[PDB]
Each structure stands twice: as structure tokens, then as C-alpha cells.
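Okay, so here's just one chain, in C-alpha cells, the form deposited in one PDB entry.
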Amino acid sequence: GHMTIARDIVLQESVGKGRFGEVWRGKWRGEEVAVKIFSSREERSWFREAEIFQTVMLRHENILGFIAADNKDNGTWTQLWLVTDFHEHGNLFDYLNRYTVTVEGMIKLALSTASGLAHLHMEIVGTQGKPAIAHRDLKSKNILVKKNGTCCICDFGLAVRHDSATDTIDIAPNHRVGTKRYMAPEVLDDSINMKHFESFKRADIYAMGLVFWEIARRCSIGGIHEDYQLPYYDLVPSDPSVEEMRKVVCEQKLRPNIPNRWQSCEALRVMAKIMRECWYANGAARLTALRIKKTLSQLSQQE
């Protein structure tokens, strides 16, 4: 018995929930693991996320480490499990709400997020390669902060994979699946072309620029920083509808405000420029995750 299995895992603490499935801190052969638990009626969601997590060549330091998909029968009902590495800090949302970061801290968070997304989006051609994956629900609540102060992306149930040979998407995607606040303009107004996989990669970039805005607010220089806020906190209610978002992002064409103090620091200037270049209404004009990783790597080298 070498491989990690459900019957050997002991749940210790409930830590949160996804759209479906509750996340627990568990102990497996003396080590901490995260267990995402789904009910029998949530099999499709569980299966889909296990399917994404099992994608060939997916493992990357900035992608949540998958361990196993399993079942657990308690004698009354069956639970469907997704076991992964456990990241004590939780999500970027929790971390940024609790702490401010330095210039170095900010670049580590932004660069690691961009590196994970670049790896996700990257297609390695051939049967022994890797299909391109688009997240479709990227947000600060879906990005985990590791002990070393770097990020890893989780919550892949809404993801879509591209097959280069057939030039097709592995599923028939439903429209407007993600978090309304982070939905790209083309997703909000339904102009998105669901037949082109590049559309999904471009909508993930938009959401990442919003996440960078959340990080940059918390970068403290000389003890000066902004308070924690979700993007569009100044324009929409909590739990905004698609129409509330669409009126702001598409009709009025507003983006989160870029403060005057971000022009005073080079790291903040580079971050502010990436943001504007992720926020174009035209998806084709946005930066790629690979290009962002390259720009931030250069900035990390220099600092």
C-alpha cells in the first residue's frame, strides 16, 4: 500500500467550500492534505474536476498538486473525494485581507499566478504532450498562497481543454459559468465566440488583471497602501448580477481605478501597465499569460 487512498485519511477540520463540495484539512500517513468532498448527486462536478486534475503534464509548482480521486462509504452514504496538497494560508483573498505585502512580496504573488496560468494555457503538441486548459473561474478566492509566499491555482471544475489535432474543446460549454464580478466583457454581453479556444484564454487574462489590481492595493511602500477591496467594490453590489456587471463593464466601460501612487514606484508602474493591457474590451489585444510571466520575471531579476 503506497498510493494515497480515502480509507487511510482522517478529516481533522472543515476549512471552506467551493461551488459544490466542502474542503477539509485531513491527515494522510502523518501528513496534511486537503480533501474536497462531494455528495453522490454531485458526481458530474467531482468527475469533471478529477478529469482536469489528471491531465497529462499538468503538475507545476504554481498549480495545486493533485493526489487522488476516491470514494468513501461510511455505511449509510458514499462521499466522492478529491485529495490534494494542503496550503495552510488558504486563498489569496484571505491572505490580502489579513496582510499587506512588500514590493518583493507583490512580485512573487503576481509572477507565480502568471506562471501557473501560462502553464495552464500552454499546449505541448503530440499524444505525449499537454492540452491547453482555460480556467473559466479565475479569482482571488481560487488562488492559494503557499508557505514560500508564492501562489498556486485550484478549483478546476469549470475548466475547458483544447485538442490541437481536432481544433475542438473537450466539452460543449455553458455560457456565463463563473463568478460574475470577474467575467470578461465578451462573457458579460455574450459576444464571446465559444467555438474559438483562444476566447477562453483571453477571458482568463482579464480576470488575472483584476487579481493583480487586488494584490497591488496591498503593496505597502513607506507604510502607505490602500485597504483591501474586491474589483468593482465602488460600482456594483455584493453578489452582483450579470446585468449589474454588464452595465458597468460593457456599457459604461469602467475598470477598477488605478491610484496615482502606483506611478511613483517602478514595480507598481509595471503592474499598472499589465492591468490596463489585461482589461481591453477587445480580447485579441490583451497580453498573453506567457508575456506577463516574461515581464514580471525581468522585474523580479532586477529587484
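Start at 1 with the first residue shown and count on from there. Whichever C-alpha set is largest while still superposing within 1.5 Å between the two forms counts as the rigid core.
One more form of this protein, deposited in another entry, exists but is not displayed; see below.
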| So which residue among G90, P173, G129, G105 shifts its CA at least 2 Å between this form and the one not shown once the core is superposed? | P173
| said: Checking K146 here: with the core superposed, does its CA move 2 Å or more between this form and the one not shown? | reply: no
| task | Once the core is aligned, please say if the CA of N74 is shifted by at least 2 angstroms between this form and the one not shown. | result | yes
| message | Closer or farther: the C-alpha atoms of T76 and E49 in the other entry, versus the form shown, with a change of 3 angstroms or more? | response | closer
| Shift in CA distance, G26 and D73, in the other entry relative to the form shown here, given it is 3 Å or more | farther
